[PDB]
């Protein structure tokens, strides 16, 4: 039933007695459900050390991964170029999924096309799909460039992207000088971050590989910036803002920030902003090339160093206090521009926030996961704040990275109870947050079901989720935020200290029970 002036959606409609009774009938009558004491018993068991050891002995089964696949990254990378259509050579179902994925995170349009290879092409190849696809897509959506990647079908059957695109040009499907950079991006190698590197390396190669003769390092006086797989708008904006604040000539190579934030003014803009072709062609003439997310831009680094001859500096992601300092001093050194008083002040302001807020941060224990650069930055900042990262999880992490993180933890007294996990998933993490309970999790939306699990054991066991990373599907507009620089450091600190203060208020809100510590001032 419904009261027309107070209409109920699924919550709380299905709590009505009449739906409760019907749901009870369904269960008893037909579901053959395990008794609730047995469900209770099995629940308690999934929370134990015994279960955790069995859990960590998995070799074949992944449960609740914390990565996506390569072509997702290649798409994101491709969206940062001017009037560019991401074009994934293979099965169409992939592209539906990529699009919806980013749609839910950015709440924006995400344009991408497939060439809809089917079982036909799984046997005779998808050469025809690429000729007709390239031709179709250029004619219909009029990009100035098509940036091609691959799904696991095309990989497995061995489609030669290079030959397929060259033959598309030779038979007249697209014009000879129409830019079609590409990259094989197999979903069974690495992760989404690896596809971004592969795509970027493909585009740099397309525009520079055969034109190196006329290039001179430093002749354009700019510093190239490669952002890597980046899904906060504020990160791109902060990096541009700081560099213009220092007077530093720069080229941000893959810049999606406009096309992921077009205005609602009566018109749909399929393409906005983005790194220009001329910027990619002129990039070799930069003073140097700075990689924001070096742990998944290794292929790109090898090309930049090997072909462009740039001496890529050994910089961590510019996250937290020390690493943003290091970034800025390095930009200053390469460019000859001093760090201006405005950025010195912003730094000092960040320090000031640390000083006001240290007493609530001190010793707080976190579990956290994400992509390798993001995770190490977050670990570094947590240590700077006097917090204890306990459970550090990177599903797409590697052994070299894990070593680097372990050394970071070892340089600090706050790292002493920290373990770094590579190759493990959110079902592994769920065990850790029961067996060695932290104060909070820092992660993406998937983490909500861990928190749900912990609360089921008891209120005292609940570990609340602080949403920082990708994807965030269950809150609005957080993709507009900043994690990089002094700016993002300020935003993280604020969210951390206030998450702690909100949770304290919750714990002390009980009239005549806990509200003795319910202070107006904190």
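Numbering follows the first chain given and starts at 1.
Higher mean CA temperature factor between 125 to 133 and 111 to 119: 125 to 133, per the PDB entry. In this entry, 42 to 50 has the higher mean Cα B-factor, the comparison being between 461 to 469 and 42 to 50.
In this structure the maximum Cα B-factor among 487, 474, 453, 28 is found at 28. Between the residues 206, 98, 229, 434, it is 206 that shows the highest Cα B-factor in the PDB record. Per-chain ranking of the deposited C-alpha B factor places residue 78 in the middle third. Among all modelled residues in this chain, the alpha-carbon of residue 425 has a temperature factor (C-alpha) in the lowest third. Ranked by Cα temperature factor within the chain, residue 399 sits in the highest third according to the deposited record. Ranked against the other modelled residues of its chain, the C-alpha B-factor of residue 481 as given in the entry falls in the lowest third. Ranked by C-alpha B-factor against the other modelled residues of its chain, residue 225 falls in the middle third.
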